[PDB]
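Just below is one structure, and these are the notes that go with it.
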Ligand SMILES: NCCC[C@H](N)C(=O)O
Ligand SMILES: NCCC[C@H](N)C(=O)O
Ligand SMILES: NCCC[C@H](N)C(=O)O
Ligand SMILES: NCCC[C@H](N)C(=O)O
Ligand SMILES: NCCC[C@H](N)C(=O)O
Ligand SMILES: NCCC[C@H](N)C(=O)O
Ligand SMILES: [Mn+2]
Ligand SMILES: [Mn+2]
Ligand SMILES: [Mn+2]
Ligand SMILES: [Mn+2]
Ligand SMILES: [Mn+2]
Ligand SMILES: [Mn+2]
Ligand SMILES: [Mn+2]
Ligand SMILES: [Mn+2]
Ligand SMILES: [Mn+2]
Ligand SMILES: [Mn+2]
Ligand SMILES: [Mn+2]
Ligand SMILES: [Mn+2]
């Protein structure tokens, strides 16, 4: 299936500037060339125009920083993504902080009876204005897409929820706020924290993950946050957490998903060139994209 | 169970100065805060006064450097640890080179019918004045505790031995002197060198270890030497050995022990701030302690 | 005098992508805050729209890569810069590769009887299509501004030349092509290579430079290329050259210029976040700007 | 069985100079001392005289660079190795780029009814003048040994092929040329790329490998290319490829081979002191040799 | 003149923990051995007992954090230093944060008609409760010793001021608060910020400094703050500032003072092992002490 | 004047192995290409055959380790160098540890009425068997050349002394043994330790040096030891000493010597690839040679 790249230069979902440079950092890391080599009909639809956020002061919720700019950008993203899917193409969204997942899922989900989600991340991203300790919207996209949160975020695309909790699998988690641990526990979301990764091994985690979703979804969206990898492998992220997944574990995961042929959409987020070591993180993202799309060693 | 921290600023067990700053480096790394967050009644009993060693030439044995000072300090430690156990608390000892294990086990063992020991280390620490290639007492605490060595070390606390060989499990070993290899073989001590860890995996090593000790002990003392971790993960150690356990393997181990609920006392040794990279090692120790005491990602 | 910031996201002057992110990396490095603190009326006019280069094979000259896009973007820059000068403000241009100097000088020069130029760089940037060993226009802005080269570059702004050779001072040079060595020698351009900086000292080089230009110009434009600093100090540059000026030498230079009150316009170029170590270079640029604009330690 | 060391200061198999210093770097890394400690009768037969290759433009060799010099050096190596085997000694060849495998296998294979080969590498080394993308002979030794390629290479030692495809096992492969992927596919060579290593684990890979060859060979030659390890573990290699085998995985592999007692000859190649970090790579090689030859932690 | 070392394990003058380990970090870096080699009668009087500070809450001034504990420790220090001077020995105080300068000068000054001070630092340390932006007493010792500040600090030793502004020379300054710039300007304190160091050179700065003080003092106290050096040379400091003095500039300074024979007392402060890279900073301090005390290359 | 390169793969002058690889490391660092570009008639005479030194316990040489092998290799070097000078060529010797200076000066000095020597080093190399603290002959070449030491070393070439003390200038010295300090003092050798370099500046030191020797010699031999540069600039050296000359100071020195046209012979020693960071040190050497031979920035 032909691919369509959409860049979302977003940084309003959090506070470290530079994550808005992720789309071009990955383009510069050679994402087009990489995918063209795999004989893909790759197309670059450019970037979603993001508006500058109103200053905190006259702005409404500190528990929902930059809500309007974030909500509007995601509206545009949802539309762009919706059209790509309608055109029969695979939407590959490049971020940008994780709050863009709200728009990506808003444009994809409407097209599936039961869309599953693989949330590759160090965080759960299931906070609300009530549970969020930062007010950073990049820490709320999964909950908002599950129908939990401010209507400005939950109603993107004119419908909700975008997905069901039983159709979500979290991988590489190692930093959850108390409210989030409770949310995960109660909504019954499937999750493999680093303990399970260390205990079971990435192979078993991926096998179980793929089998689980394949048995109850009709499309799977890969929401890959680069901070899911160890800061040593992916240094250029705004909210890094030590003791993460390795470069190899990430490739195996992508390779196993490629093989499974279950990934119907994807987004690579949180790449921040301004916090990286010579574009290393964008590079990792591009390599991981290659594996996801079927690149093989043999 | 409430915890009691006892710092043992000891460096007389070896030759690299600075390991005596380990207790405070770990305190500065945030051990109290870490444990309080887990809802523990934590208490800091301060440090064991360590005397200074007498003139080397007017000392008794070259194969037992600083024997007088090491033996006396361990006497004090044993008493302090004994008291804590009597009070119904968990003794958490912060070192300090590994020679302090002699005092810790001396105050703990007397309280158990069959105390088991998990020795997480790159070394076996089963040398005697005869087999020791250095004369460094930090390389003799396990043998001494098993009743093998100079009476000045074997009789700490007025009894011996503190433990039985069949109740000991060595993990992470990758540097044994010939005499020690023979000792381990002959005393029949259970051991998982890096080969076994590489071959079986930390999960299997921990499963087997926990099952073994649980089936024949009434209390388990964790003697964790930071040099058990690779120098890249734990640079601040006096006698580093490459090709060690990773940060993740160490957390999984602690996590599986917490789960097992078998650890009745513990000590984290060999942290040397003066050989470290910005208190990295003291930090690792504190994090591993959090896991040991039940900290979880989810 | 109020300042006006103009970003020129240009990378068509050379081949390393990412230098187009220099303007925003410097903004993120805090250029506005830095200057506001010095009590300046600072204004950000945004960025100059840069078009994309046409197919290489259907381009006109290999010795003048991306001539069309580079020349047109420089036209826009010249206009913007011209306007700022007319408004009574100081034009502070943020790049972007060094080819943007062509546009900056084009909008500034017309306003001075004898505009002088201080070219802080590891290179001379005095190549033509004939002498250029790369075809990279970022290696031709000084010659072009002096009236030497392709008319598409020499006629920007509708006039030429922008400056006279006798009003130019090169500082920090350590990498000149043969053609350029000849050019400098023959046009009689004042130059202080690293040898002179090492032999005389930055203080003497700056004293001599300031005295020279002050005695025969009515305005001085500072064209500061970050690669003028050693790659250890400024790692984020496309064409680094070892054995460059230090961080301290650069601050002293800016500090002595501020003192002299001779700089009437400036530009900081070649900052490439994608080749940097955590925005270090953009940071250096911002600090040097603070000094240029009068920031003092006491 | 007594060991005989033969250094092959070869770099004509590729383009990065310095790999000819590999033999002395490893000797200086202490190969003799290491092996003597395991009570071996170790002997150093010095180095094979390598003749400088004539100008590429003068002698016909571009898809086969330095063919004459590489073919003759390998002739000498073949003889030296043949003689060592005849004397009842184990031939331990120290390289030198991988093209020397052609000579080593040429001197060993004639002595076995069915010699197996474990090719520990990031590459397949199964290119021919037709499929080679570089013309570097170090990328053709395995194919040439299997009887595929220029006669100057396939006929070394007066016979061919030296081995059969079904008796070859590739391990750690992560960089194969298209022609090579096809070669491996069609010749039916058993291969464990990094995907299999990540998926199955080194233990499994080694178990399967040892059992496979043990069931159908009468001798097994270990051709270990240091670039099979990750560049972070083995930095001093000419053609590094990221996402490689770890230090520990390599020790386990060597340890399990020692155990199986199947390795009848070996060569450690691609060590280049001039691209390394303080002889780190030669050191890893020496250590790995210690394990291969039975060195144990316990 | 014989030397007497007094360690002041102080960290209450600021907020980064670990600076209290500076005395032993320097002892471990070999300060005694170093000075003994220069044939000195060196004596170690141990450490000043420092009391733990009352918690901020019930504590008085936030503008004067830990005032009572800091004031009391300095009382003890002043007494210890006073006696050393009385015994005809040179007081060498090892810190500990800079707030200890209050006690050192309190014990020395009473013994001189006109005691001069060389304040080697990145900061001015001339803040008061009114001008301090942090409330950190380590940022007030020079002003307090000049008679400016809270009486609890200005009256240490029962007299004030300890020195006159005209007898003070600041060197390496590059980070002054506004109040401090004003204080320096108005009290007329002689100061060489990094601008003067870069402009004049360390040699001229030291020549001018030595001549100035020698012409109007009867004793000179060297208050050396390790953060006066660049964080690359002295990484282990709590409040580092980039663009500092080099290792060589520091040795030249010490060498030139040794030669001048004007230093009658000294203290090396701010060494923090917990923020350093393998005791590098304590090491630099010990080497600098060697030069100060006459160690020479020839 | 045409240049003749002679490699001397010597490491018997000290204990760190690998320095025998210095000649090829520099050749690989591009010494020929570098010099040819300056339009020189460069010729490579290969390497001097060095014989392995017999066991320390078997042949009498401990205050003079490897004396036989070092004395004879230097005999051969002396002849080779003598012949090059006779042919009217400039002898450029590539080492190899510093003991090779004995042979170089032995072949050059006989051709000059008053040969001067610039000894660029961190050491003085003026030890004798009596004063040597190591027994390493690389610490005795200058004394031996001045006619002080074992006859096996002082009589190389059939004559002595090769030079007079008043015609020697040491530069960059920062590590002298007591006997050496006395030797320099008494023989009245002109010396610029790092104190003088820091105090006067490299320009001044070089000006004074050139003028001194130019006024009283008829030829000047440059004996450049790479360890004269700081270990950060030249890491690959066996006996590094911190606080050394910078890369720039070395280039200025070489540049000023080229200018003076006084250097009639030279040798670059102590390059050890096995202790370096990717041939960095050989590279600095090559670069420094380029300058010495007239390479210029402009
Ligand atoms: N996307 C990262 C979220 C980080 C954190 N858990 C928060 O809610 O602020
Ligand atoms: N604590 C490390 C012990 C090191 C060695 N086995 C010895 O006994 O010296
Ligand atoms: N801006 C760097 C210029 C590099 C070189 N002189 C060239 O013209 O290619
Ligand atoms: N031994 C490395 C070979 C790399 C590549 N397949 C080539 O043939 O050039
Ligand atoms: N001793 C450092 C003082 C730091 C700062 N100027 C302050 O007053 O907080
Ligand atoms: N060339 C280095 C010599 C170092 C020391 N002076 C010695 O003679 O051992
Ligand atoms: Mn996320
Ligand atoms: Mn995340
Ligand atoms: Mn231990
Ligand atoms: Mn240990
Ligand atoms: Mn430029
Ligand atoms: Mn440049
Ligand atoms: Mn290979
Ligand atoms: Mn390979
Ligand atoms: Mn201070
Ligand atoms: Mn300071
Ligand atoms: Mn030397
Ligand atoms: Mn030297």
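For chain F, we keep the numbers from Swiss-Prot: what you see runs 2-299, in order.
Cβ atoms are placed via backbone N, Cα and C, with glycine included.
Taken verbatim from Swiss-Prot:
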type    : residues                                                                    : note
BINDING : F:99, F:122, F:126, F:226                                                   : Mn(2+) 1 binding site
BINDING : F:122, F:124, F:226, F:228                                                  : Mn(2+) 2 binding site
BINDING : F:124, F:125, F:126, F:127, F:128, F:135, F:136, F:137, F:178, F:240, F:271 : substrate binding site
Cα-nearest neighbour of residue F:126 (Mn(2+) 1 binding site) within the listed binding-site residues, F:136, F:178, F:228: F:178
Listed binding-site residues among F:99, F:124, F:226, F:228 whose Cα sits within 10 Å of residue F:271 (substrate binding site): F:99, F:226, F:228
Residue F:178 (substrate binding site) and residue F:226 (Mn(2+) 1 binding site), distance between Cα atoms, whole Å: 17
Residue among the binding-site residues F:99, F:124 whose Cβ has the most other Cβ atoms within 10 Å: F:99
Listed binding-site residues with Cβ under 6 Å from ligand 18, out of F:122, F:124, F:136, F:226: F:122, F:124, F:226
Between residue F:122 (Mn(2+) 1 binding site) and residue F:228 (Mn(2+) 2 binding site): CA-CA distance (Å): 6
Rounded Cα separation (Å) that holds between residue F:122 (Mn(2+) 1 binding site) and residue F:178 (substrate binding site): 14
Long-range Cβ environment of residue F:178 (substrate binding site), under 8 Å and at least 6 residues apart: F:125, F:128, F:132, F:133, F:134, F:140
Mn(2+) 2 site, defined by F:122, F:124, F:226, F:228: further same-chain residues with Cβ within 8 Å of the Cβ centre: F:99, F:120, F:121, F:123, F:126, F:173, F:227, F:229, F:238, F:240, F:242, F:270, F:271
Other same-chain residues whose Cβ falls within 8 Å of the Cβ centroid of F:99, F:122, F:126, F:226, the recorded Mn(2+) 1 site, in sequence order: F:102, F:120, F:123, F:124, F:125, F:139, F:142, F:143, F:224, F:228, F:229, F:270, F:271
Distance from residue F:124 (Mn(2+) 2 binding site) back to residue F:99 (Mn(2+) 1 binding site), taken between C-alpha atoms, in Å: 10
Residue F:136 (substrate binding site) and residue F:124 (Mn(2+) 2 binding site), distance between Cα atoms, whole Å: 15
Candidate with the highest Cβ count within 10 Å, taken from the binding-site residues F:226, F:271: F:271
Chain-internal residues near residue F:136 (substrate binding site), provided their CB is under 8 angstroms and they sit 6+ positions away: F:62, F:63, F:64, F:65, F:66, F:130
Contacting binding-site residues, sequence order - F:124, F:126, F:128, F:136, F:178, F:226 vs ligand 6, Cβ under 6 Å: F:124, F:126, F:128, F:178
Listed binding-site residues with Cβ under 6 Å from ligand 17, out of F:124, F:126, F:136, F:178, F:226: F:124, F:126, F:226
Local backbone state of residue F:99 (Mn(2+) 1 binding site), from DSSP in three classes: helix
Coarse DSSP state, helix versus strand versus coil, of residue F:136 (substrate binding site): coil
